[PDB]
Trainee: 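Got a structure here, written out as structure tokens. Questions coming.
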Amino acid sequence: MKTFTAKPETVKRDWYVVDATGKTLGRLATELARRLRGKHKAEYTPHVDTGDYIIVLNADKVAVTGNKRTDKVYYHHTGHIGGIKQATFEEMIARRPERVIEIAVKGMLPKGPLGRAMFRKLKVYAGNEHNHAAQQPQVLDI
Amino acid sequence: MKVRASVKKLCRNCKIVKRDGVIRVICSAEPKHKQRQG
Amino acid sequence: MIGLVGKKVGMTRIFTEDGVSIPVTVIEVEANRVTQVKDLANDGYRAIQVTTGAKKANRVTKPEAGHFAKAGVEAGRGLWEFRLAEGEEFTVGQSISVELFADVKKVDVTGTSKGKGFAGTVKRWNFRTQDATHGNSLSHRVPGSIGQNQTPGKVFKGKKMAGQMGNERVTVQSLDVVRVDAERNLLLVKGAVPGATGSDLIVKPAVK
Amino acid sequence: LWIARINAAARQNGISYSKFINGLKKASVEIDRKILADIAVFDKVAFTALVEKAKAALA
Amino acid sequence: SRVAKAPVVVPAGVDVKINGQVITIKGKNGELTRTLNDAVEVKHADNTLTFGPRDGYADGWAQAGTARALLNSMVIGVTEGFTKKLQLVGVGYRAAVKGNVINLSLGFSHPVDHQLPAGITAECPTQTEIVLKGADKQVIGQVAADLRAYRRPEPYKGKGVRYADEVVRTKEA
RNA sequence: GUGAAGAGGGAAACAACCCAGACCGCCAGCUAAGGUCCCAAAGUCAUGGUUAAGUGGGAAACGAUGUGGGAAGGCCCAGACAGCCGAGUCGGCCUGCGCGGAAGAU
RNA sequence: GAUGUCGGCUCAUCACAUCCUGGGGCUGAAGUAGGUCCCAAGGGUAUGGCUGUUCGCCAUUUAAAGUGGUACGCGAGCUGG
RNA sequence: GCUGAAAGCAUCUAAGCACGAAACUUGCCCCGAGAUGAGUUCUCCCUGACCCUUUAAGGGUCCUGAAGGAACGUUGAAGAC
């Protein structure tokens with residue numbers, strides 16, 4: 001006998017909705033990455049995507065511990081000589097709240113075409129409303 | 001202000017205090033006694 | 001505030017009674033006709049769109065003609081847009097003339113500059129020429145060195161080199177308004193503005 | 001691969017992989033990981049019965 | 001600790017309202033409100049207020065002392081009130097009051113105008129003297145410090161704006 | 001002792017360090033060093049303590065009411081320390097973990 | 001079985017142990033003008049006589065004429081003292 | 001600097017509140033939806049019959065050819081092409 005392998009043409013996926021108000025950033029990101037990759041199903045296969053769709057609400061109310069709210073720095077370089085730039089957690093929350101969760105989850109997925117594909121199933125919002133009622137998501141408690 | 005690595009009381013009116021993680025000496029009699037660790 | 005679209009006619013001078021000569025640029029400003037109003041509910045911002053001039057019928061395609069016929073105005077040679085401030089209102093089909101600048105003191109003018117084509121570093125970036133004698137060998141207007149050694153081992157982004165020069169959008173700020181003539185549709189400003197004779201200009205009240 | 005699938009199946013019935021293996025050893029069940037993963041994918045009632053056996057052994 | 005273990009008396013003519021950690025004190029001179037820290041519990045026995053730590057915190061006693069001092073100041077303020085005095089020293093230095101604005105001449109090439117906040121009153125019994133009245137200790141202190149910052153007492157002659165009861169040292173060249 | 005003339009696993013990458021000596025095949029099982037939140041196989045295990053510096057994840061002489069433990073002292077209900085009346089207060093010793101001293105070139 | 005080595009010209013980029021401009025504490029700080037330490041790298045930062053010189057001395061200017069790294073930056077870019 | 005305990009006093013800090021620089025983020029000028037996360041708004045154009053088969057985002061025959069575009073010519077204060 002040969003071991004079972006899943007097929008991209010016949011996999012099944014489902015829609016969940018989550019609330020981030022007051023949760024710890026990293027300990028929520030781990031769960032998001034787990035369920036986007038599909039490690040919780042018995043059909044898991046490293047070279048196929050067998051994950052689920054997840055909506056996240058209230059991204060501007062996520063929490064951190066310690067003195068991180070004023071001391072965690074995000075960096076990036078623009079490609080021009082001398083172009084190194086930075087921002088703090090508070091600043092990032094003020095201008096681009098969704099990026100905070102997006103960057104953290106993107107760091108915990110596999111690197112390559114399949115990982116970039118897995119990232120496309122995540123939908124992050126800043127308030128308490130979404131426009132995906134036609135898909136009928138179910139509430140997930142994390 | 002005196003910025004140094006060894007800071008200590010120089011007369012009976014000196015006082016030691018800790019502010020925002022720094023160790024400082026303040027005096028109510030002599031402005032020359034004002035010290036900061038660094 | 002809103003501004004207007006006009007055309008560059010030429011340059012002349014004005015003599016004053018104290019014996020001063022003011023050099024001026026002459027701008028022709030016909031009536032600007034409103035074609036579309038954009039609001040927050042339907043578009044997401046607040047602006048007006050205008051046309052000016054005239055255009056021959058057999059050069060107007062059906063999409064353009066339908067757009068003009070919705071507003072109920074005659075066809076012109078282009079379409080431009082201006083952003084609105086709080087407490088400014090307009091209606092479709094309305095006409096705006098050069099009497100808008102009756103009490104303004106300074107303006108900003110925008111246009112497209114003359115094109116020089118492919119240019120060297122001496123003319124494009126004001127480099128210095130090397131020696132014309134004393135044994136120079138084929139290197140008189142050339143750029144020189146362009147980097148360092150094995151560290152870093154490349155050329156940095158944004159280096160100054162030879163290439164296309166001119167024929168781009170330019171703005172010049174804070175020009176005195178010298179005269180406003182409404183019976184002949186003329187505006188006279190002090191100094192030079194970008195472009196060539198016969199080109200299009202955008203005129204606005206000064207931001208600083 | 002077999003180990004990953006068995007962990008996923010066991011957590012859906014309420015136990016972790018390490019505990020499940022310990023309970024099977026204490027109950028003297030000698031089915032290997034290839035067959036365990038095959039049953040996990042193709043027959044879920046039987047897998048539930050195996051999990052109950054392990055839990056009883058640990059109790 | 002010791003400061004927090006002394007209860008605060010509530011005299012006749014003052015109303016005390018408690019809701020969670022928000023407290024309101026209302027008297028003849030006005031009304032004051034304050035929110036307290038999450039490690040203090042406050043009780044209104046019969047005519048006294050008492051303060052205590054809440055089990056689960058490691059700095060309850062310090063917070064209790066702070067809360068006691070603050071409530072004591074509020075009770076004094078709503079009945080009597082607080083006052084402060086400022087004095088000017090120099091040649092050509094002058095103050096005046098109009099509405100809720102103090103006009104100051106202090107040797108500059110322009111005048112100084114200071115706009116009082118809501119709840120603070122000022123008076124000038126003499127051209128070289130200012131008196132402030134109010135019901136909020138911190139606000140009145142801040143206003144006095146702001147007024148002093150315009151021209152600080154200098155060490156060779158003593159010129160500028162000073163507090164009434166302040167000792168200003170001087171030295172020789 | 002190992003490399004030279006030695007492959008496999010660990011130390012991110014890394015002849016000479018740690019574990020261990022490859023005759024051939026297998027879609028069986030147990031362990032070594034090193035590990036068990038996600039990249040990435042396995043405890044978001046159990047019970048009692050310490051740290052608030054992202055210390056952990058670079059460094060000295062020396063400086064300071066950070067704060068956990070221990071063995072002894074001086075004064076005090078016959079009223080102590082502080083300030084202007086009623087329960088504690090002073091300064092040395094040994095020891096665990098943190099803090100300053102700490103400036104570089106795409 | 002080859003990695004062209006001093007000085008000049010052209011063209012640069014980074015650090016901060018800061019020369020100028022910006023903000024402060026102490027002074028044996030009356031004022032003008034100075035001394036010393038802390039914070040700060042946005043922009044700016046000479047022409048000539050002599051000598052192959054880098055340096056250096058001299059003449060006359062400037063708010064000021066910073067200190068270092070980049071194969072003691074730069075010859076498939078130039079010179080050849 | 002204000003108010004304020006731990007530490008009955010004092011103390012800019014532990015809980016609270018206020019000032020403060022050419023450095024930081026904006027305000028000024030130019031590019032910018034290949035932003036594959038490929039966005040929005042206004043206007044215009046196309047309204048016929050059959051056959052086969054392995055029956056499907058299937059192949060073919062007759063009738064039809066719009067909005068618009070490209071090509072060629074006379075050329076520009078646009079340009080190496």
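Reminder, nothing fancy here: chain letters follow the sequence lines and each chain counts from 1. The analysis underlying the following values was restricted to heavy atoms, covering all of them including side chains, and did not include hydrogens, waters or symmetry mates.
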Trainee: Please state the P separation for the pair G43(F) and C30(F) - nearest whole angstrom.
Mentor: 15 Å

Trainee: So, does the side chain of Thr66(E) form a donor-acceptor pair with the base of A14(H) at under 3.5 Å?
Mentor: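 A donor-acceptor contact between them is present.
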
Trainee: When you measure from the side-chain N and O atoms of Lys62(C) to the phosphate of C45(H), is any distance below 4.0 Å, counting only OP1 and OP2?
Mentor: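 So the side-chain polar atoms of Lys62(C) do come within 4.0 Å of the phosphate oxygens OP1 or OP2 of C45(H), strictly under.
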
Trainee: Look at all strands and tell whether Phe127(C) reaches a base, only sugar-phosphate, or nothing, counting heavy atoms closer than 4.0 Å.
Mentor: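 Sugar-phosphate, no base atom in range.
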
Trainee: Whether the side chain of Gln148(C) and the base of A12(G) hold a donor-acceptor pair under 3.5 Å is what I'd like checked.
Mentor: yes

Trainee: So, is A53(F) syn or anti if syn means the angle is within 90° of 0?
Mentor: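 Because its glycosidic torsion lies within 90° of 0, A53(F) adopts the syn conformation.
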
Trainee: With heavy atoms under 4.0 Å as the rule, sort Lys159(C) into base, sugar-phosphate or nothing.
Mentor: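 Sugar-phosphate only.
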
Trainee: Assign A12(G) to north (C3'-endo side) or south (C2'-endo side) according to its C1'-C2'-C3'-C4' torsion.
Mentor: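 The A12(G) sugar sits on the north side, the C3'-endo region.
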
Trainee: Has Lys154(C) got a side-chain N or O lying under 4.0 Å from the OP1 or OP2 atom of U13(G)?
Mentor: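 For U13(G), OP1/OP2 do not have a side-chain N/O of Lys154(C) under 4.0 Å.
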
Trainee: Spell out protein contact along nucleotides 76-81 of chain H as letters: B when the base is contacted, S when just the sugar-phosphate is, - when no protein heavy atom is under 4.0 Å; keep the 5' to 3' order.
Mentor: -BSSS-

Trainee: So does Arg19(B) get a side-chain nitrogen or oxygen closer than 4.0 Å to the phosphate oxygens (OP1/OP2) of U13(H)?
Mentor: yes

Trainee: Looking only at side-chain atoms of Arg2(E), point me to the closest of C11(G), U89(F), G63(F).
Mentor: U89(F)

Trainee: Could you check whether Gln173(C) gets within reach of a base, just the sugar-phosphate, or nothing at all, counting any heavy atom under 4.0 Å?
Mentor: sugar-phosphate

Trainee: Counting heavy atoms from C-beta on, name the nucleotide in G77(G), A18(H), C42(H) closest to the side chain of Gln130(C).
Mentor: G77(G)

Trainee: Please tell me whether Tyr53(A) and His132(A) have a donor and an acceptor in their side chains that are separated by less than 3.5 angstrom.
Mentor: no

Trainee: Using atom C1' in both nucleotides, what's the gap between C38(G) and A63(G) to the nearest angstrom?
Mentor: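 One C1' to the other, the span is 24 Å.
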
Trainee: Under a 3.5 Å limit on both key distances, is there a Watson-Crick or G-U wobble pair between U70(G) and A12(G)?
Mentor: yes

Trainee: Taking the P atom of each, how far is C30(H) from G35(G), in whole Å?
Mentor: 48 Å

Trainee: By the 4.0 Å heavy-atom rule, please label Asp20(B) as base, sugar-phosphate, or nothing.
Mentor: sugar-phosphate

Trainee: Say we look at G27(H) and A15(H): how far apart would their P atoms be, to the nearest angstrom?
Mentor: 35 Å

Trainee: According to a 3.5 Å cut-off on both distances, are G81(G) and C6(G) Watson-Crick or G-U wobble paired?
Mentor: yes

Trainee: Any carboxylate oxygen within less than 4.0 angstrom of a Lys/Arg side-chain nitrogen, looking at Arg148(E) and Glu166(E)?
Mentor: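 Salt bridge flag = yes for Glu166(E) with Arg148(E).
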
Trainee: If you take the six-membered rings of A17(G) and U18(G), are their centres closer than 5.5 Å and their planes within less than 30° of each other?
Mentor: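 So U18(G) stacks onto its neighbour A17(G): no.
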
Trainee: Assign each of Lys25(D) and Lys68(A) to its nearest nucleotide of RNA chain F by heavy atoms, then name whichever residue's nucleotide is nearer the 5' end.
Mentor: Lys25(D)

Trainee: Please classify the glycosidic conformation of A63(G) as syn (within 90° of 0) or anti (everything else).
Mentor: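 Because its glycosidic torsion lies within 90° of 0, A63(G) adopts the syn conformation.
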
Trainee: With a 4.0 Å cut-off on heavy atoms, is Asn42(C) in touch with a base, just the backbone sugar-phosphate, or nothing at all?
Mentor: sugar-phosphate

Trainee: Tell me which nucleotide, if any, is Watson-Crick or G-U wobble paired with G96(F) when both distances must be under 3.5 Å.
Mentor: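 Because both required distances fall under 3.5 Å, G96(F) counts as paired with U67(F).
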
Trainee: In the 5'-to-3' direction, what one-character label does each nucleotide of nucleotides 42-51 of chain G receive under the scheme B = base within less than 4.0 Å of a protein heavy atom, S = sugar-phosphate only, - = no such atom?
Mentor: ----------

Trainee: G68(G) with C78(G): Watson-Crick or G-U wobble pair, both contacts under 3.5 Å?
Mentor: no

Trainee: Contact class for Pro143(C) vs. all strands (heavy atom < 4.0 Å): base, sugar-phosphate, or nothing?
Mentor: sugar-phosphate

Trainee: Is there side-chain contact between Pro53(E) and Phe51(E), with at least one heavy-atom pair below 4.5 Å?
Mentor: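 Sidechains of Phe51(E) and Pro53(E): no contact.
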
Trainee: Say we look at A15(G) and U47(G): how far apart would their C1' atoms be, to the nearest angstrom?
Mentor: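 Roughly 30 Å separates the two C1' atoms.
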
Trainee: Can you check the distance between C16(G) and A105(F), where both ends of the measurement are the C1' atom (answer in whole Å)?
Mentor: 9 Å

Trainee: At a heavy-atom distance below 4.0 Å, what parts of residues 29-38 of chain B sit against RNA chain F?
Mentor: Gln37(B), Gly38(B)

Trainee: Give, for atom CG of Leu132(E) and atom NZ of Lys84(E), the distance between the pair rounded to the nearest 0.5 Å.
Mentor: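 One finds 9.0 Å between CG of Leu132(E) and NZ of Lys84(E).
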
Trainee: How is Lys2(A) classified with respect to the nucleic acid when contacts are heavy atoms under 4.0 Å: base, sugar-phosphate, or nothing?
Mentor: base

Trainee: Any chance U47(F) and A40(F) qualify as a Watson-Crick or G-U wobble pair, both distances under 3.5 Å?
Mentor: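 So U47(F) is not base-paired to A40(F).
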
Trainee: Is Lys70(C) touching bases, backbone alone, or none of the nucleic acid, heavy atoms closer than 4.0 Å?
Mentor: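 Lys70(C): backbone/sugar contact only, no base atoms under 4.0 Å.
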
Trainee: With side chains defined as the heavy atoms from C-beta onward, is the minimum distance between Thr70(A) and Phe89(A) less than 4.5 Å?
Mentor: no

Trainee: More than 12 heavy atoms of other residues, nucleotides or ligands under 6.0 Å from CZ of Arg141(C): yes or no?
Mentor: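 Count not over threshold, so no.
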
Trainee: Are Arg69(A) and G54(F) close enough that a side-chain N or O sits under 4.0 Å from OP1 or OP2?
Mentor: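 For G54(F), OP1/OP2 do not have a side-chain N/O of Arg69(A) under 4.0 Å.
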
Trainee: Represent RNA chain H in dot-bracket notation, 5' to 3'. Only Watson-Crick or G-U wobble pairs with both distances under 3.5 Å count; pseudoknot-style crossings use [ ] and interstrand partners use |.
Mentor: ((.....|.......))..............................(((((.....)))))...................

Trainee: Would you indicate what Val3(E) reaches in the nucleic acid, counting non-hydrogen atoms under 4.0 angstrom: base, sugar-phosphate, or nothing?
Mentor: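 Sugar-phosphate contact only.
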
Trainee: Picking from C29(H), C17(H), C62(F), which would you name as closest to the side chain of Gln138(E)?
Mentor: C17(H)

Trainee: Identify, between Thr151(C) and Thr65(A), the residue whose nearest nucleotide on RNA chain F lies closer to the 5' end.
Mentor: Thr65(A)

Trainee: Should we say atom CD1 of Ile35(D) is surrounded by more than 12 heavy atoms from elsewhere, each under 6.0 Å from it?
Mentor: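 Above 12, so yes.
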
Trainee: Using the P atom as the reference point in each nucleotide, state the distance between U47(F) and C93(F) in Å, no decimals.
Mentor: 42 Å

Trainee: It should be established whether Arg24(B) places a side-chain nitrogen or oxygen under 4.0 Å from OP1 or OP2 of nucleotide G63(F).
Mentor: no

Trainee: Is any side-chain N or O of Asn149(C) closer than 4.0 Å to OP1 or OP2 of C74(G)?
Mentor: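 The answer is yes; a side-chain N or O of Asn149(C) sits under 4.0 Å from OP1 or OP2.
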
Trainee: Using the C1' atom on both, measure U40(H) against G54(F) and round to a whole Å.
Mentor: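 Between the two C1' atoms, the distance is 46 Å.
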
Trainee: If I take atom CG from residue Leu122(A) and atom CD from residue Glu102(A), how far apart are they, to the nearest 0.5 angstrom?
Mentor: 7.0 Å

Trainee: Check the surroundings of atom CD in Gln115(E): do more than 12 heavy atoms from other residues, nucleotides or ligands lie under 6.0 Å from it?
Mentor: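 Yes.
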
Trainee: Are OP1 or OP2 of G37(H) and a side-chain N or O of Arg120(A) less than 4.0 angstrom apart?
Mentor: yes

Trainee: Along nucleotides 31-49 of chain F, 5' to 3', which nucleotides get a B, which get an S, and which get a -, given that the test is a protein heavy-atom distance under 4.0 Å?
Mentor: ------BBSSSSSB-----

Trainee: With both key distances required to be under 3.5 Å, would you call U47(G) and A59(G) a Watson-Crick or wobble pair?
Mentor: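 WC or G-U pairing between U47(G) and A59(G): yes.
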
Trainee: Going by the glycosidic torsion and a 90 degree boundary from 0, is the base of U54(H) oriented syn or anti?
Mentor: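 Base orientation relative to the sugar is syn.
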
Trainee: Would you mind classifying the nucleic acid contact of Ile146(C) as base, sugar-phosphate or nothing, using non-hydrogen atoms under 4.0 angstrom?
Mentor: nothing

Trainee: Kindly state which residues belonging to residues 133-141 of chain C come within less than 4.0 angstrom of RNA chain G, counting heavy atoms of the residue only, listed by number.
Mentor: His134(C), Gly135(C), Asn136(C), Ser137(C), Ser139(C)

Trainee: Have a look at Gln36(C) and say if it touches a base, only the backbone sugar-phosphate, or nothing, with a 4.0 Å heavy-atom cut-off.
Mentor: sugar-phosphate

Trainee: Determine the contact category for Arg95(A): base if any of its heavy atoms lies under 4.0 Å from a base atom, sugar-phosphate if only primed atoms, P, OP1 or OP2 are that close, otherwise nothing.
Mentor: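 Nothing: the residue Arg95(A), judged by heavy atoms under 4.0 Å, touches no strand.
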
Trainee: What's the base orientation of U5(G): syn (chi within 90° of 0) or anti?
Mentor: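 The base of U5(G) is oriented anti (glycosidic angle more than 90° from 0).
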
Trainee: Between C62(F) and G100(F), is there Watson-Crick or G-U wobble pairing, both distances under 3.5 Å?
Mentor: yes

Trainee: Just compare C31(H), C44(H), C42(H) and give me whichever is closest to any side-chain atom of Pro63(C).
Mentor: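 Out of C31(H), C44(H), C42(H), the nucleotide with an atom closest to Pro63(C)'s side chain is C44(H).
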
